[PDB]
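Trainee: experimental structure and sequence below, a few questions after.
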Amino acid sequence: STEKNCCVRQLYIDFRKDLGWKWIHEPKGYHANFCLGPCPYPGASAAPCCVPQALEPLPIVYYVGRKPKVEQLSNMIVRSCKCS
Amino acid sequence: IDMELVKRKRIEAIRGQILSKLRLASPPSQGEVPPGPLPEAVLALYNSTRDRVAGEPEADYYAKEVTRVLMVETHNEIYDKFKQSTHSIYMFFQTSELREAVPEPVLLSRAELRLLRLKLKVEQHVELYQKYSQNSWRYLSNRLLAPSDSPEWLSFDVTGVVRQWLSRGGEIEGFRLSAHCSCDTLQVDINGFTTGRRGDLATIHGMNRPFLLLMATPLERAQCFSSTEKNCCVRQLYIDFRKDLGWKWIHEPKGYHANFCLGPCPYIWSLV
Amino acid sequence: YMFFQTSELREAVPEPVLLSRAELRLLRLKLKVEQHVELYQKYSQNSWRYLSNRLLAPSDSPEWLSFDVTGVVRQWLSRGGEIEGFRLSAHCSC
Amino acid sequence: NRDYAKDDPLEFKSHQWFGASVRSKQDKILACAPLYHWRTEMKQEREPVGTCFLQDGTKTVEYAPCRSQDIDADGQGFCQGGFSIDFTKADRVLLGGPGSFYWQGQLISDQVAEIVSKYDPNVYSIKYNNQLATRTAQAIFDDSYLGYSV
Amino acid sequence: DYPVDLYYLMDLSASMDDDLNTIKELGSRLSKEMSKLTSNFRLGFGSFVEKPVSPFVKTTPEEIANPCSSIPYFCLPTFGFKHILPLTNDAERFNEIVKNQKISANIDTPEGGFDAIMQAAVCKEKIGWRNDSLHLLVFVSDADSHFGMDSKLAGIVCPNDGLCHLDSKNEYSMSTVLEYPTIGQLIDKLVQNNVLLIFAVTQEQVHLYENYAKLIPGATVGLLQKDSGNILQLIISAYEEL
Ligand SMILES: *[C@@H]1O[C@H](CO)[C@@H](O[C@@H]2O[C@H](CO)[C@@H](O[C@@H]3O[C@H](CO)[C@@H](O)[C@H](O[C@H]4O[C@H](CO)[C@@H](O)[C@H](O)[C@@H]4O)[C@@H]3O)[C@H](O)[C@H]2NC(C)=O)[C@H](O)[C@H]1NC(C)=O
Ligand SMILES: *[C@@H]1O[C@H](CO)[C@@H](O)[C@H](O)[C@H]1NC(C)=O
Ligand SMILES: [Mn+2]
Ligand SMILES: [Mn+2]
Ligand SMILES: [Mn+2]
């Protein structure tokens, strides 16, 4: 659906195309996405923002000199979005 | 108007994020890396982290080096005492490779033991145990099973167990898988050895065996209180109903601490 | 063993959809040692089916615990069974 | 090809090599199909257990001593019974099966009076009481091809 | 100073997953020490598994395209012999092939090792044997190998002619058509082409192949270890000539 409010928008991030990083073997692109949208009438902050509620980690594979390290970054893929 | 550059604001925020979680300032050199060879041993690591559809802090924001270790076969120690029976299933691991993937016990962050299910249809209940005094077994967790018609991949958070195993120089460890006890047997089909598969294909029949997935912090990293300025820190605010609202229709409670968030959060500002 | 009456349950919450959270709270007395507890549900007025599990810690003072049985209570308000209940036994080592 | 169920063929007689070994005793003619494959009665396999047809005049019977419940390579699934045959002077059949027990091989001998009497076209695994057979041994003897010739 | 050719015959069968990393560490290591004692160095590569016919492979539609089924695992189908790399001086092209090699599968522990030896030996063209050089053929497998008349069970009774039978895919096209070669046939074609056969097997397979090397003239044996420099010591002490 096409939301006018706080909806999670699609965004595929490529390492070679959108970052220019050829030092990360796997993956070579993933769906990180982002939250874009207004949140009208509800507290704490002076202006309620469209923030992500659920995020997902991403495993990566890169080398260190001659040593390949398979590591996993915490909270990269934006699944849901909330307003707080 | 807003525009589509918002996507580029995310990309340049991802750029500085990945480098900070890896504690890196610039991408490493790849002229000291050989182009082409990619072992299927690291492809099995990458495939097992993305696989988990089933199963249930300042240092937690940085990256964790994911390594795995397969178990010990039934060809050496798992048959010398009990073998396999309808009452329990035993899985064994070493420690010379456990304390090799994670040298110091403190580096260990999350250690989940993953298995391989077969079709089980309606219902089964599983209880997991730990090896104590090399003879006694202590309860861990439990899990109900769903009618998966296909092979399923699970995971059990045994982080507290593995951390204790890295502090002791115990040269041999292992687990035990029995079933539920209704008090006042076991029917689970997990990928095993079946004991009798021979021939040329027998060697590959030891694959997909239970392994312990490890996620630790590399040794190379090691090492309002983090700021001298009033950062995005939660500020104190006491709200009274009779004083700040004038509402006498609410008897209890008569006041609580409704705080708020005050502070900026910018990025990509001049000067590391 | 603990038992309740459905004639009063479907009066506080008429429709089962209105039910949001239903947590069963008890009262602990023993403060020494640590013990292992398993929770069951009443089936066929004789059989008990597993629910949840929780380890307990040696608190020097009387402690108050709670078990989230929302999914159980929701199904009980749809049934006309005017008698239900729970069971709290201990660990079975087999 | 007989069907085990709808759209589930029970056997595969194509390329079964029927007539690869022919042995005759008086008015008895024994022919076998060493490359006969047979689908398991537990699951959908294609295992070359081998089968023989015996003609003692008018009656024609089937003989598949390796078509049993002892399935897979570990059992008699790849036995290829009937690869070699011969007759004794006391009306016993001698059958060689080089693939039995992960190709350890096996020799099976049945009395001709029992082969025809216990034959049943609706029974795919007939157990014979007077059957003589070389039972399975240690794993070092795999890939030996016992029964290659008789 | 003297020209030398080395063909690398790898067993891709199922029993080789535990030995795979040793072969890639043997390829790259061999693709380095060869340039030392000689400048005229060309090396090739070929792979084998088993004859793709029952009873050596299961004939179920799933286990034909994936012979590692029921484990489960994804692997290449069963093939007799594939000639991948003709021997050339380009040595980093050799390494790039060994790295990408995946495991195959079959049923019966002995393999179609001799079929690959025979095709690599006779084919002086599609393999490209030098005129006056040391035709060395490294044979690696962690199990036994089938010879003549073993294919009789599969229904193959036409003997091996010992000729070049590589199709447009550079594969053994007459694998399901010809029997395996015997030690006599192999001996008769390893001299017509003058080929020195190095056996590089596992410990439990040495006592077997060493008695084969006694029959096969010039053919020697070797042991496989994690430090596969052991087999390199064979070749260096085989450049003695004289
Ligand atoms: C780790 O994961 C990676 C990917 O995440 C994996 O590499 C991939 O392996 C799969 C195997 O499932 C490959 O998928 C194959 O693709 C080919 C053509 O694209 C298909 O023909 C294959 O089909 C098979 O199965 C069919 C039955 O469903 C058969 O009929 C058929 O004949 C085939 O046998 C299969 O879908 C995929 O191509 C690769 N990826 C790349 C980029 O090559 C890797 O193998 C995993 N490592 C493990 C499991 O150890
Ligand atoms: C070997 O010599 C023949 C002629 O005797 C020639 O046709 C062939 O090209 C030569 N081979 C090589 C590799 O030079
Ligand atoms: Mn093999
Ligand atoms: Mn091996
Ligand atoms: Mn084989």
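Mentor: Here it is on my side, so go on. Numbering: from 1, shown residues only, chains lettered A, B, ... in the order given. Ligands and ions are numbered 1, 2, ... in the order given.

Trainee: number of nearby residues for residue 4?
Mentor: Using chain A. Here the count is done by other CB atoms under 10 Å in any protein chain shown, and residue A:4 has 7 residues near it. Backbone N, C-alpha and C define where each C-beta goes, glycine included.

Trainee: look at chain E instead
Mentor: The tally of other residues near residue E:4 (other CB under 10 Å) stands at 20.

Trainee: could you find the closest non-adjacent residue to it?
Mentor: Closest residue in space to residue E:4, ignoring its immediate chain neighbours: residue E:134 at 4.8 Å, by CB to CB, 6 or more residues apart in numbering or on different chains.

Trainee: may I ask you to name the longest helix in chain E?
Mentor: Selection of the longest helix in chain E by residue count, based on DSSP state H, yields helix E:20-37.

Trainee: show me what that helix is packed against.
Mentor: Packing contacts for helix E:20-37, counted by 3 or more CB pairs under 8 Å, 6 or more residues apart in numbering or on different chains; DSSP states H and E, involve strand E:4-11, strand E:41-48, helix E:92-99, strand E:134-140, helix E:229-236.

Trainee: send me that helix as CSV with only the CA atoms.
Mentor: Output of helix E:20-37 as CSV, limited to C-alpha atoms (Å, rounded to 0.1, in the frame of the first residue of the first chain):
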residue,chain,number,x,y,z
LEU,E,20,38.9,-31.8,-0.2
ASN,E,21,40.9,-29.1,1.5
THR,E,22,44.0,-31.2,1.2
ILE,E,23,43.7,-31.3,-2.5
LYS,E,24,43.3,-27.5,-2.9
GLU,E,25,46.3,-27.0,-0.7
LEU,E,26,48.1,-29.6,-2.9
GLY,E,27,47.1,-27.8,-6.1
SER,E,28,48.2,-24.3,-5.2
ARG,E,29,51.4,-25.7,-3.5
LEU,E,30,52.2,-27.8,-6.6
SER,E,31,51.4,-24.7,-8.7
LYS,E,32,54.4,-23.0,-7.1
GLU,E,33,57.3,-25.5,-6.6
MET,E,34,57.1,-26.6,-10.3
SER,E,35,58.5,-23.4,-11.6
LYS,E,36,61.6,-23.9,-9.5
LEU,E,37,63.5,-26.8,-11.0
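
Trainee: does that helix come close to ligand 4?
Mentor: No. Using CB under 5 Å from the ion, no contact is recorded between helix E:20-37 and ligand 4, whose separation bottoms out at 8.4 Å.

Trainee: can you tell which of the helices and strands packed on helix E:20-37 is closest to residue B:156?
Mentor: Shortest separation from residue B:156 across the helices and strands packed on helix E:20-37 is recorded for helix E:92-99, at 34.9 Å, computed as CB to CB.

Trainee: and the longest helix that chain D contains, what's buried?
Mentor: With DSSP H setting the assignment, residue counts place helix D:112-117 as the longest helix in chain D. By neighbour count with 16 or more other CB atoms under 10 Å in any protein chain shown, helix D:112-117 contains the buried residues D:112, D:114, D:115.

Trainee: contacts for that helix, please.
Mentor: Applying CB atoms under 8 Å, 6 or more residues apart in numbering or on different chains, the external contacts of helix D:112-117 come out as D:28, D:54, D:56, D:59, D:61, D:63, D:91, D:92, D:93, D:128, D:129, D:130.

Trainee: in ChimeraX, how would I select the buried members of those residues?
Mentor: To isolate the buried ones among the contacts of helix D:112-117 in ChimeraX, judged by 16+ other CB under 10 Å, type:
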select /D:54,56,61,63,92,93,128
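
Trainee: filter the contacts of helix D:112-117 by proximity to ligand 3?
Mentor: Filtering those for proximity to ligand 3 (criterion: CB under 5 Å from the ion) leaves nothing.

Trainee: put together a markdown table for the contacts of helix D:112-117, with distance to residue E:56 on each row.
Mentor: What follows is the contacts of helix D:112-117, written out as a markdown table (distance: CB to CB, whole Å):
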| residue | distance to residue E:56 |
| --- | --- |
| D:28 | 34 |
| D:54 | 29 |
| D:56 | 36 |
| D:59 | 36 |
| D:61 | 31 |
| D:63 | 25 |
| D:91 | 36 |
| D:92 | 32 |
| D:93 | 28 |
| D:128 | 30 |
| D:129 | 34 |
| D:130 | 34 |
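
Trainee: now, which of the contacts of helix D:112-117 lie within strands?
Mentor: D:28, D:54, D:61, D:63, D:92, D:93 (DSSP state E).

Trainee: so which of those comes closest to residue E:20?
Mentor: Distance to residue E:20 across the ones in strands among the contacts of helix D:112-117 (CB to CB) is lowest for residue D:63, with 44.8 Å.

Trainee: just give the nearest non-adjacent residue to that closest one, would you?
Mentor: In space, and not counting its chain neighbours, residue D:63 is closest to residue D:52: 4.2 Å by CB to CB, 6+ apart.
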